[PDB]
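Chemist: first piece of the complex, coordinates kept as in the full assembly:
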Amino acid sequence: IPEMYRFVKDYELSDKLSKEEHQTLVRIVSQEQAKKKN
């Protein structure tokens, strides 16, 4: 999660995506990845 947010910061996209929005995106992707694996 913090490494992906560092990608967002390094590409000057942190103004478009908050930390909380980033965590929510990661959570939603994690959920669907886990459902697909199962």
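Modeler: Now that the structure is in, tell me what you want to look at. Numbering: from 1, shown residues only, chains lettered A, B, ... in the order given.

Chemist: where along chain A do the helices fall?
Modeler: Here chain A has its helices, by DSSP state H, at A:2-10, A:19-37.

Chemist: check which helices and strands the first one sits against.
Modeler: Helix A:2-10 makes packing contacts with helix A:19-37 when contacts are defined by 3 or more Cβ pairs under 8 Å, 6 or more residues apart in numbering; DSSP states H and E. In short, each C-beta sits where N, CA and C put it, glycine included.

Chemist: same check, this time on the last one
Modeler: Packed against helix A:19-37 by the contact rule (3+ Cβ pairs under 8 Å, 6+ apart) you find helix A:2-10.

Chemist: report the angle between the helix it packs on and helix A:19-37.
Modeler: 130 degrees (axes from the mean of the first three to the mean of the last three Cα atoms, to 10 degrees).

Chemist: how distant is helix A:2-10 from the center of its chain?
Modeler: Taking Cα atoms, centre = their mean, to the nearest Å, one finds the center of helix A:2-10 at 9 Å from the center of the full chain.

Chemist: go on, stretch A:27-35?
Modeler: Per Cα atoms, centre = their mean, the centroid offset for stretch A:27-35 relative to its chain is 11 Å.

Chemist: return the set of buried residues in that stretch.
Modeler: By 16 or more other Cβ atoms under 10 Å, stretch A:27-35 has no buried positions at all.

Chemist: what does stretch A:13-23 give?
Modeler: For stretch A:13-23, by 16+ other Cβ under 10 Å, it's residue A:22.

Chemist: got the contact list for stretch A:12-27?
Modeler: For stretch A:12-27, the external contacting residues (Cβ atoms under 8 Å, 6 or more residues apart in numbering) are A:1, A:4-5, A:8.

Chemist: ChimeraX command to pick out the buried ones of those residues?
Modeler: To isolate the buried ones among the contacts of stretch A:12-27 in ChimeraX, judged by 16+ other Cβ under 10 Å, type:
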select /A:5,8
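
Chemist: which of the contacts of stretch A:12-27 sit farthest apart?
Modeler: The most widely separated members of the contacts of stretch A:12-27, counting by Cβ to Cβ, are A:1 and A:8 (10.9 Å).

Chemist: next, format the contacts of stretch A:12-27 as CSV and append distance to residue A:21.
Modeler: Shown next, in CSV, are the contacts of stretch A:12-27 (distance: Cβ to Cβ, whole Å):
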residue, distance to residue A:21
A:1, 12
A:4, 12
A:5, 10
A:8, 10
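
Chemist: sequence below should go in as chain B:
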Amino acid sequence: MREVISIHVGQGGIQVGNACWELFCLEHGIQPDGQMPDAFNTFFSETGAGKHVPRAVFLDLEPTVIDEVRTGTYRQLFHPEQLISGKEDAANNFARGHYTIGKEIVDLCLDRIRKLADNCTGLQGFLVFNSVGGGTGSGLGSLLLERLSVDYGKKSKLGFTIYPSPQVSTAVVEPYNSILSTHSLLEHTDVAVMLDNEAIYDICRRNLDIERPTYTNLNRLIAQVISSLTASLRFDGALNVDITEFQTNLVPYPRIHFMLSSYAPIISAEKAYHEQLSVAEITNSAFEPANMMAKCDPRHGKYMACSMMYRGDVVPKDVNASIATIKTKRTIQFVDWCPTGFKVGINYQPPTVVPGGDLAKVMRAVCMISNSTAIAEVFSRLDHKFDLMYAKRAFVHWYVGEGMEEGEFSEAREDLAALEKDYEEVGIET
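Modeler: With chain B added, the chains above now look like this:
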């Protein structure tokens, strides 16, 4: 790695610089020859082996005072070619020292300033001393401040100007150049401290019990105030204060930076030890209106912010217990938009005594720098004095014939009117 450079211009400036430079040399153990028989670095510089050189420059167009300096006991201390001297005096004419003879000397002074600044690595700021009621002092101070404000920019400059007394005066034309110099340093100096002679005469008479004082006694008190202000940079303390930590605490607005000082205790050895000199009584004496270092009444106006320095064995809890008592009193009232107005500094080194001087040795002392709304009275009375003679254009021909324009007098009057209106506008409650 912290440094400060002091500028002395004019007869009064040089005579107070001598006074502060005996005191610093005595306080750091340096003999008058400059030889010791890591705190010195603020005012001095090491030459590699032996002597120390002050970070000071002396300026004057009239050579008598510099020649007196270069033959006294301190001839070996100062660098021979930083005592810049002229040939012809400005003779109390402001236009002379700003337009005619000061311009040819100012370049050498600026070269010396650069040569001193390149040596420093942690330059805190500049100090300048000048008696305002004189030609060369006010004019060269104005020109130097104007050059420094653009050569260096954001570096802090402090001005210890000596304004004329309300009624006591030595010249007859000093209101003109006082007003012009106030115009010049209003937009060019970060701090200005009031130092008129009459208040200090009264202080000496009442406390020191001297009935025939001379200028040296006044200059020693001023030197003690300077030492108390700059002690925090070169001695260990429980609550330190730096020069750059002033415009954030004493200057509410960029225009308002004229404040008046006080010192306590002032007492002679003949009756000093009979009383205990507690911190409460000295901090009460410091706030007494009769102990102001400038002849102004603080009871006639509000306070804006008080910055007050202690040194010695004072404990912070005793300081707080005394600030509370002052907040309690009904005769001292602060401005509405300032709930807390005190900045406190505590240092451990007690004040040093100069042999053969007036003050005795004590373990506790307090120096206050207070910004108050009552300062507008000196501006009003100087303005009234100026208007009386400017109505008939008296003494103007001595200024118009030295290159200054006719309209230059009016705009200084307008700026003083603006300052007086600003002081009234700030002091009203919301």
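
Chemist: now that chain B has been added, could you go back to what packs on helix A:2-10?
Modeler: Applying 3 or more Cβ pairs under 8 Å, 6 or more residues apart in numbering or on different chains; DSSP states H and E, one finds that helix A:2-10 contacts helix A:19-37.

Chemist: and the helix it packs on, how far out from the chain middle?
Modeler: Put simply, helix A:19-37 sits 7 Å off its chain's centre (Cα atoms, centre = their mean).

Chemist: endpoint to endpoint, stretch B:48-60 covers what distance?
Modeler: 30 Å (Cα to Cα, to the nearest Å).

Chemist: before we move on, what about stretch B:118-138?
Modeler: Using Cα to Cα, first and last residues of stretch B:118-138 are 27 Å apart.

Chemist: residues contacting residue B:50?
Modeler: B:34-35 (Cβ atoms under 8 Å, 6 or more residues apart in numbering or on different chains).

Chemist: wait, residue B:46
Modeler: Contact analysis of residue B:46 by Cβ under 8 Å, 6+ apart lists B:40, B:52.

Chemist: try 10 Å
Modeler: B:38, B:40, B:52-53 (Cβ atoms under 10 Å, 6 or more residues apart in numbering or on different chains).

Chemist: okay, the closest residue to residue B:161 other than its chain neighbours and residue B:377: tell me how far apart.
Modeler: Ranked by Cβ to Cβ, 6 or more residues apart in numbering or on different chains and with sequence neighbours excluded, the top spatial neighbour of residue B:161 is residue B:132, at 4.9 Å. Using Cβ to Cβ, to the nearest Å, residue B:132 is found at 17 Å from residue B:377.

Chemist: do the same with residue B:148
Modeler: The gap separating residue B:148 from residue B:377 is 30 Å, by Cβ to Cβ.

Chemist: do the same with residue B:49
Modeler: For residue B:49, the distance to residue B:377 equals 54 Å [Cβ to Cβ].

Chemist: higher neighbour count, those two?
Modeler: A direct count of neighbours by other Cβ atoms under 10 Å in any protein chain shown for residue B:49 and residue B:377 places residue B:377 higher, at 16 against 5.

Chemist: ok, that one touching residue B:258?
Modeler: No - checked against Cβ atoms under 10 Å, the pair residue B:377 and residue B:258 is beyond contact range at 11.8 Å.

Chemist: identify the contacts common to these two.
Modeler: Counting by Cβ under 10 Å, 6+ apart, the residues touching both residue B:377 and residue B:258 are residue B:423.

Chemist: is the spatially closest residue to residue B:119 that is not a sequence neighbour in a helix, a strand, or coil?
Modeler: Excluding the flanking residues, the one nearest residue B:119 by Cβ to Cβ, 6+ apart is residue B:45, at 6.1 Å. Under DSSP: H, G, I helix; E, B strand; the rest coil, residue B:45 falls in the strand class.

Chemist: attach chain C to the model above:
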Amino acid sequence: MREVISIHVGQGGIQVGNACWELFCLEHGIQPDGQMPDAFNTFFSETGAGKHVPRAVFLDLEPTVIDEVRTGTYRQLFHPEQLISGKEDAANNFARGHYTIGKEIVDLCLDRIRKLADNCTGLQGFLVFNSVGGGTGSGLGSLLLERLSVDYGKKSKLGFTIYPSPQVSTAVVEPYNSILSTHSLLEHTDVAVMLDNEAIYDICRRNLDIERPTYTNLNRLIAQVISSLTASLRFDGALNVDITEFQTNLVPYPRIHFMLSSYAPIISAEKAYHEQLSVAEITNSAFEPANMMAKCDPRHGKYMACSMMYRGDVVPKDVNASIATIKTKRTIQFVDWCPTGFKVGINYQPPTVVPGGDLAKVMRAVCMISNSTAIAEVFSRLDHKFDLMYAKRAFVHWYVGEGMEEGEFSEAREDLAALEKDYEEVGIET
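Modeler: Adding chain C to what we have so far:
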């Protein structure tokens, strides 16, 4: 196994040779009698037992100065028959000392040069000193250089010529022979250093604080510069420089080899020790335009290459940290086609002091030899002075009647025009 031979011709040349030969004898511990009570070998030679003989020859047609030399305290030092003297002076006439009386003396000088050269095994090169604004000096210097350029060929020769000041002059006809001698040594000398008297007078007045200098004070500074230049051949150093390592570093093109020198620090013992004399401040003082040893303004032109020598306890990292600061400054700009222009030399031996002299003893010093585009101004002003009198053919009869042809004046003018055009062509960016 490294040697150098110095040639002194004319009154000014002999009077500066005396100045350098007190200094060398003092620096190597040799008494004026020539007796010591392996570094000497550069300037001296061992006789087998006892005294040392300088590798120098003194030339003049007018016997007064040589007779003064042969009776002073240094009568025992020089070999009796290397002080070649004439009977009749050239009397400021260039044609005399190049065509009439110099030819009969030049053979003895060349025989002495051969007899001195056969002794040396590692001959680095020749040094020559001559005041340009005189008959015998310029004429004999030209003739000797022309003979040496063909007798020896590729051996390096260095010329420490003293050109006349811009406005201050002792003679009235010195532009003529100055221009002719510049013509002669333009195609015959590998290095020429500018030495006009007015700049050194200003240096003495400003720094040494002498208001009435004489020629000896000037010659001592020149001797110090020579010693600083040649120190690297006879003392151990961290970064050595040889004489032959100059035309590869300071001479971009064969025609351009006139450069101007500077020295720092120059200070008296009365105020020398009050300041630390760091390497940064001395290397800043050396680049000041007012401290040029020739009255030319470097701010009026570009720099081409700077070769600058240190001696004392200087550390290379401090030198680099100061070269960076100079590259930073906006008032000093180098030519476009030269990215790096500094050659640095460091030596350990501090400069030696001459008793009863002006300079004090210091541990650090810097001597710079800088080639700059601004030197064309002296050529232009000398050319303008020459043209004024050559328009009416004034004073020409004193030269035509001494065997010189009429057209010889014009071609020197054409060569100066060519040199001035070349200096303009080089200084333009690509």
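
Chemist: once more on the contacts of stretch A:12-27, this time with chain C?
Modeler: Residues outside stretch A:12-27 that contact it (Cβ under 10 Å, 6+ apart): A:1-2, A:4-9.

Chemist: nearest to chain C, of those residues?
Modeler: residue A:9 (35.2 Å; Cβ to the nearest Cβ).

Chemist: residues in contact with that closest one?
Modeler: Residues near residue A:9 by Cβ under 10 Å, 6+ apart: A:15, A:17, A:22.

Chemist: and it, how far from residue B:3?
Modeler: Taken as Cβ to Cβ, the span from residue A:9 to residue B:3 is 40 Å.

Chemist: got it, and residue B:337?
Modeler: In terms of Cβ to Cβ, residue B:337 sits 36 Å off from residue B:3.

Chemist: of the two, who's got more company?
Modeler: Just comparing residue B:337 and residue B:3: by other Cβ under 10 Å the higher neighbour count belongs to residue B:3, 20 against 10.

Chemist: the more buried one contacts residue B:118, correct?
Modeler: No - contact status for residue B:3 versus residue B:118: not in contact, 11.4 Å apart, counting by Cβ under 10 Å.

Chemist: can you give me the neighbour number for residue B:321?
Modeler: Residue B:321 has 13 nearby residues by other Cβ under 10 Å.

Chemist: which helix or strand contains residue B:260?
Modeler: strand B:258-264 (DSSP states H and E).

Chemist: just the C-alphas of that strand, formatted as CSV.
Modeler: Output of strand B:258-264 as CSV, limited to C-alpha atoms (Å, rounded to 0.1, in the frame of the first residue of the first chain):
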residue,chain,number,x,y,z
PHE,B,258,9.8,52.3,17.8
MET,B,259,10.0,51.2,21.4
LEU,B,260,11.5,52.5,24.7
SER,B,261,13.8,50.7,27.1
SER,B,262,14.4,50.5,30.9
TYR,B,263,17.0,48.9,33.2
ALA,B,264,17.0,47.8,36.8
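
Chemist: next helix or strand past that strand?
Modeler: helix B:269-272.

Chemist: just the buried residues of stretch B:280-296, please?
Modeler: B:282-287, B:291-296 (16 or more other Cβ atoms under 10 Å in any protein chain shown).

Chemist: got the CA positions of it in CSV?
Modeler: The C-alpha trace of stretch B:280-296 is given here as CSV (Å, rounded to 0.1, in the frame of the first residue of the first chain):
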residue,chain,number,x,y,z
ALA,B,280,10.1,40.9,42.4
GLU,B,281,11.4,44.3,43.5
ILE,B,282,13.7,44.7,40.5
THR,B,283,11.0,43.7,38.1
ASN,B,284,8.7,46.2,39.8
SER,B,285,11.3,49.0,39.5
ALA,B,286,11.8,48.2,35.8
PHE,B,287,8.2,49.0,35.1
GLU,B,288,8.2,52.3,37.1
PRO,B,289,7.4,55.2,34.7
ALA,B,290,10.2,57.3,36.3
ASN,B,291,12.8,54.6,35.3
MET,B,292,12.0,54.7,31.5
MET,B,293,15.2,55.3,29.5
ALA,B,294,13.3,57.8,27.3
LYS,B,295,11.3,60.7,28.7
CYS,B,296,7.8,59.4,27.9
